[PDB]
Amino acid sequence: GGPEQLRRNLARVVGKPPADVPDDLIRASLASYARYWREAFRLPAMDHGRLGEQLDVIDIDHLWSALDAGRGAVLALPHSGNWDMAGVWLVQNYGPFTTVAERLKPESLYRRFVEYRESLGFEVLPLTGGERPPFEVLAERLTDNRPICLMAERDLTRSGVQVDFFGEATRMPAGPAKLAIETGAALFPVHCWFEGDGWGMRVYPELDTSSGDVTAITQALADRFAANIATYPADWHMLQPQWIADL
(Lines of atoms letter the chains of each structure in order from A and count residues from 1; the text may use other names and numbers.)
(Lines give C-alpha, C1' and ligand atoms only; values in the text may rest on other atoms or scores of the structure.)
Protein backbone atom coordinates (compact mmCIF):
# COMPACT_ATOMS: atom_id res chain seq x y z
CA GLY A 1 0.00 0.00 0.00
CA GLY A 2 2.83 2.36 0.85
CA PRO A 3 2.45 5.96 2.04
CA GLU A 4 -0.91 6.54 0.34
CA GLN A 5 -2.45 3.51 2.07
CA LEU A 6 -0.85 4.72 5.31
CA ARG A 7 -2.53 8.10 4.87
CA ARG A 8 -5.86 6.35 4.32
CA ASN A 9 -5.43 4.21 7.44
CA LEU A 10 -4.46 7.23 9.54
CA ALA A 11 -7.62 8.88 8.20
CA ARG A 12 -9.67 6.35 10.17
CA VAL A 13 -7.56 6.66 13.33
CA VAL A 14 -7.99 10.42 13.40
CA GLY A 15 -11.51 10.75 11.95
CA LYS A 16 -10.75 12.89 8.91
CA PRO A 17 -10.81 12.44 5.14
CA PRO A 18 -7.43 11.17 3.87
CA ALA A 19 -6.66 14.59 2.39
CA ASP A 20 -7.01 16.30 5.79
CA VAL A 21 -4.77 13.98 7.83
CA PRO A 22 -2.26 16.33 9.54
CA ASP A 23 1.05 16.68 7.72
CA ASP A 24 2.97 16.36 10.99
CA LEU A 25 1.21 13.05 11.70
CA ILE A 26 2.00 11.66 8.24
CA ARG A 27 5.61 12.77 8.70
CA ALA A 28 5.97 11.23 12.16
CA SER A 29 4.39 7.98 10.95
CA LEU A 30 6.84 7.68 8.05
CA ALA A 31 9.73 8.42 10.42
CA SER A 32 8.37 5.80 12.81
CA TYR A 33 8.06 3.35 9.92
CA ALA A 34 11.66 4.06 8.87
CA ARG A 35 12.83 3.63 12.46
CA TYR A 36 11.37 0.12 12.68
CA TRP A 37 13.35 -1.05 9.65
CA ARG A 38 16.51 0.74 10.79
CA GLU A 39 16.23 -1.07 14.13
CA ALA A 40 15.43 -4.41 12.47
CA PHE A 41 18.74 -4.09 10.61
CA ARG A 42 20.87 -3.90 13.76
CA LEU A 43 18.67 -5.55 16.42
CA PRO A 44 20.26 -9.04 16.18
CA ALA A 45 23.62 -7.35 16.90
CA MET A 46 22.55 -5.17 19.83
CA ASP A 47 23.22 -6.06 23.48
CA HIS A 48 20.04 -7.97 24.24
CA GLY A 49 21.05 -8.41 27.87
CA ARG A 50 21.35 -4.65 28.34
CA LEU A 51 18.01 -4.03 26.61
CA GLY A 52 16.32 -6.59 28.86
CA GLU A 53 17.82 -4.94 31.94
CA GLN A 54 17.17 -1.30 31.08
CA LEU A 55 13.80 -1.25 29.28
CA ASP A 56 10.57 -1.51 31.28
CA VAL A 57 7.07 -2.82 30.60
CA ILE A 58 4.14 -1.09 32.29
CA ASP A 59 2.07 -3.56 34.34
CA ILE A 60 4.16 -6.60 33.43
CA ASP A 61 2.79 -8.07 36.68
CA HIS A 62 -0.38 -8.86 34.74
CA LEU A 63 1.60 -11.46 32.81
CA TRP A 64 3.67 -12.73 35.74
CA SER A 65 0.51 -13.32 37.78
CA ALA A 66 -1.10 -15.27 34.93
CA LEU A 67 2.02 -17.45 34.86
CA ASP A 68 2.05 -17.80 38.66
CA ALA A 69 -1.51 -19.15 38.32
CA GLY A 70 -0.21 -21.73 35.83
CA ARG A 71 -2.60 -20.53 33.12
CA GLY A 72 -0.23 -19.51 30.33
CA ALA A 73 -0.93 -16.28 28.47
CA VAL A 74 -1.71 -14.90 25.02
CA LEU A 75 -0.05 -11.55 24.34
CA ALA A 76 -1.99 -9.99 21.45
CA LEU A 77 -0.69 -6.75 19.98
CA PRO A 78 -0.96 -4.59 16.85
CA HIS A 79 1.80 -3.61 14.42
CA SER A 80 2.95 -0.63 16.48
CA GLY A 81 6.36 0.47 17.69
CA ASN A 82 9.01 -2.25 17.53
CA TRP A 83 7.35 -5.51 18.57
CA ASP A 84 10.61 -7.36 17.88
CA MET A 85 12.25 -5.30 20.64
CA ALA A 86 9.46 -6.32 23.02
CA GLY A 87 10.17 -9.92 22.03
CA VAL A 88 13.84 -9.44 22.92
CA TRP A 89 12.74 -8.00 26.26
CA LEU A 90 10.51 -11.00 26.96
CA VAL A 91 13.21 -13.49 25.94
CA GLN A 92 15.60 -11.81 28.38
CA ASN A 93 13.19 -11.32 31.30
CA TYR A 94 11.22 -14.58 31.00
CA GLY A 95 12.64 -16.83 28.28
CA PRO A 96 11.93 -18.05 24.75
CA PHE A 97 8.33 -17.82 23.57
CA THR A 98 6.38 -18.96 20.53
CA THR A 99 4.82 -16.85 17.81
CA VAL A 100 3.48 -17.14 14.29
CA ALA A 101 4.31 -15.55 10.92
CA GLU A 102 2.75 -15.39 7.47
CA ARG A 103 4.79 -17.52 5.06
CA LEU A 104 5.76 -14.69 2.73
CA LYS A 105 6.95 -15.02 -0.86
CA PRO A 106 9.60 -15.70 -1.97
CA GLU A 107 10.63 -18.47 0.42
CA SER A 108 14.11 -16.91 0.55
CA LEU A 109 12.65 -13.71 2.02
CA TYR A 110 10.58 -15.75 4.47
CA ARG A 111 13.78 -17.51 5.57
CA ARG A 112 15.50 -14.14 6.04
CA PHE A 113 12.72 -13.15 8.45
CA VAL A 114 12.81 -16.50 10.27
CA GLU A 115 16.57 -16.16 10.75
CA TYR A 116 16.11 -12.60 12.04
CA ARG A 117 13.55 -13.48 14.71
CA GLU A 118 15.24 -16.77 15.66
CA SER A 119 18.42 -14.76 16.29
CA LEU A 120 16.32 -12.72 18.75
CA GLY A 121 15.41 -15.91 20.62
CA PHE A 122 11.84 -16.49 19.42
CA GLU A 123 10.25 -19.69 18.22
CA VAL A 124 8.45 -18.68 15.01
CA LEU A 125 5.81 -21.02 13.54
CA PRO A 126 4.88 -20.73 9.84
CA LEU A 127 1.21 -19.89 9.43
CA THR A 128 1.21 -22.33 6.49
CA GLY A 129 3.37 -25.25 5.37
CA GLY A 130 4.73 -26.36 8.74
CA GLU A 131 4.81 -29.83 10.24
CA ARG A 132 1.75 -29.30 12.45
CA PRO A 133 -1.12 -26.79 12.57
CA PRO A 134 0.27 -23.69 14.33
CA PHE A 135 -2.83 -23.42 16.54
CA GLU A 136 -2.23 -26.88 17.98
CA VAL A 137 1.38 -26.09 18.91
CA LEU A 138 0.33 -22.75 20.41
CA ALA A 139 -2.37 -24.44 22.49
CA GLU A 140 0.22 -26.91 23.77
CA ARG A 141 2.48 -24.00 24.73
CA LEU A 142 -0.38 -22.35 26.64
CA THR A 143 -1.26 -25.59 28.44
CA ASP A 144 2.39 -25.82 29.51
CA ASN A 145 1.99 -22.41 31.23
CA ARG A 146 3.97 -20.53 28.61
CA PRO A 147 3.38 -17.17 26.91
CA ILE A 148 2.72 -16.86 23.20
CA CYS A 149 2.72 -13.63 21.20
CA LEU A 150 0.46 -12.97 18.22
CA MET A 151 0.21 -9.99 15.91
CA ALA A 152 -3.53 -9.70 16.22
CA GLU A 153 -5.14 -6.71 14.44
CA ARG A 154 -4.98 -7.92 10.82
CA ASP A 155 -6.37 -11.02 9.10
CA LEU A 156 -8.28 -10.17 5.92
CA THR A 157 -9.41 -13.67 4.96
CA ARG A 158 -12.80 -15.37 5.03
CA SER A 159 -12.18 -16.80 8.51
CA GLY A 160 -11.15 -13.49 10.10
CA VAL A 161 -13.59 -11.98 12.59
CA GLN A 162 -15.38 -8.85 11.44
CA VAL A 163 -15.09 -6.10 14.05
CA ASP A 164 -15.68 -2.38 14.24
CA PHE A 165 -12.35 -0.55 14.35
CA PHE A 166 -12.32 3.25 14.53
CA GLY A 167 -15.95 3.17 13.44
CA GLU A 168 -15.51 1.03 10.31
CA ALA A 169 -15.47 -2.67 9.46
CA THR A 170 -12.22 -4.63 9.43
CA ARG A 171 -11.24 -8.25 10.04
CA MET A 172 -8.95 -9.49 12.82
CA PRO A 173 -7.72 -13.05 13.45
CA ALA A 174 -9.76 -15.31 15.70
CA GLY A 175 -6.72 -17.12 17.11
CA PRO A 176 -6.18 -15.07 20.28
CA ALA A 177 -9.79 -15.53 21.42
CA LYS A 178 -9.96 -19.16 20.29
CA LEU A 179 -6.78 -20.01 22.20
CA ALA A 180 -7.91 -18.26 25.39
CA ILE A 181 -11.31 -19.98 25.33
CA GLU A 182 -9.79 -23.40 24.63
CA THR A 183 -6.93 -23.23 27.15
CA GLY A 184 -8.07 -20.76 29.81
CA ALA A 185 -4.91 -18.76 29.16
CA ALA A 186 -5.15 -15.07 30.01
CA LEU A 187 -5.70 -12.94 26.91
CA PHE A 188 -3.65 -9.78 27.47
CA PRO A 189 -3.71 -6.92 24.97
CA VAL A 190 -0.23 -5.49 24.52
CA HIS A 191 0.99 -2.24 23.02
CA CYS A 192 4.44 -1.18 21.88
CA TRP A 193 5.31 2.38 20.92
CA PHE A 194 8.35 4.61 20.52
CA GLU A 195 9.23 6.45 23.73
CA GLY A 196 11.75 9.11 22.77
CA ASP A 197 14.92 7.34 21.68
CA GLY A 198 13.68 4.26 23.56
CA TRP A 199 10.76 1.85 23.49
CA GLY A 200 7.48 1.95 25.40
CA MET A 201 5.62 -1.27 26.24
CA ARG A 202 2.59 -2.12 28.35
CA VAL A 203 0.50 -5.16 29.26
CA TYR A 204 -3.19 -4.39 29.70
CA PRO A 205 -5.78 -6.16 31.88
CA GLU A 206 -6.82 -9.52 30.47
CA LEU A 207 -9.99 -9.67 28.40
CA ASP A 208 -13.19 -11.13 29.82
CA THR A 209 -13.92 -14.50 28.21
CA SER A 210 -17.18 -15.14 30.10
CA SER A 211 -19.17 -14.70 26.88
CA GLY A 212 -17.43 -17.67 25.28
CA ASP A 213 -17.95 -15.73 22.04
CA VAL A 214 -14.93 -15.26 19.76
CA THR A 215 -16.56 -12.28 18.03
CA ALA A 216 -17.38 -10.45 21.26
CA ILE A 217 -13.90 -11.10 22.66
CA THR A 218 -12.14 -10.06 19.44
CA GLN A 219 -14.26 -6.90 19.42
CA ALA A 220 -13.06 -6.08 22.94
CA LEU A 221 -9.49 -6.69 21.77
CA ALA A 222 -10.01 -4.37 18.79
CA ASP A 223 -11.46 -1.70 21.09
CA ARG A 224 -8.32 -1.81 23.24
CA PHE A 225 -6.05 -1.69 20.18
CA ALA A 226 -7.98 1.35 18.96
CA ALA A 227 -7.54 3.12 22.31
CA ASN A 228 -3.80 2.41 22.35
CA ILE A 229 -3.22 3.35 18.70
CA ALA A 230 -5.12 6.58 19.37
CA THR A 231 -2.54 7.41 22.05
CA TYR A 232 0.41 6.87 19.66
CA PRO A 233 -1.05 7.16 16.15
CA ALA A 234 2.31 7.75 14.45
CA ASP A 235 3.72 4.43 15.72
CA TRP A 236 1.10 2.15 14.10
CA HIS A 237 2.86 1.53 10.78
CA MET A 238 0.00 -0.11 8.90
CA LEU A 239 0.99 0.55 5.30
CA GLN A 240 -1.06 -2.42 4.05
CA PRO A 241 -4.84 -2.30 3.59
CA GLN A 242 -6.63 -2.73 6.92
CA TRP A 243 -10.30 -1.89 6.44
CA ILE A 244 -12.42 -4.06 4.17
CA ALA A 245 -13.40 -1.19 1.86
CA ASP A 246 -9.71 -0.83 0.92
CA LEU A 247 -9.45 -4.39 -0.45
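Just count from 1 along the sequence shown to find any residue number.
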Read off the CA B-factors in the entry, average them over 39 to 47 and over 178 to 186, and name the higher stretch. 39 to 47
Tell me which stretch has the larger mean Cα B-factor in this entry, 208 to 216 or 30 to 38. 208 to 216
Listed options 91, 152, 138, 73: highest C-alpha B factor recorded at 138
So among 147, 133, 121, 81, who wins on Cα B-factor in the entry? 133
Here the Cα B-factor of residue 19, set against its chain, lands in the third termed highest
Please rank the C-alpha B-factors of the chain's modelled residues and tell me whether residue 197 sits in the lowest, middle or highest third. lowest
Among modelled residues of the same chain, the CA temperature factor third for residue 97: middle
Check where residue 238 lands among this chain's C-alpha B-factors and tell me if it's the lowest, middle or highest third. highest
By its CA B factor, does residue 110 count among the lowest, middle or highest third of the modelled residues in the chain? highest
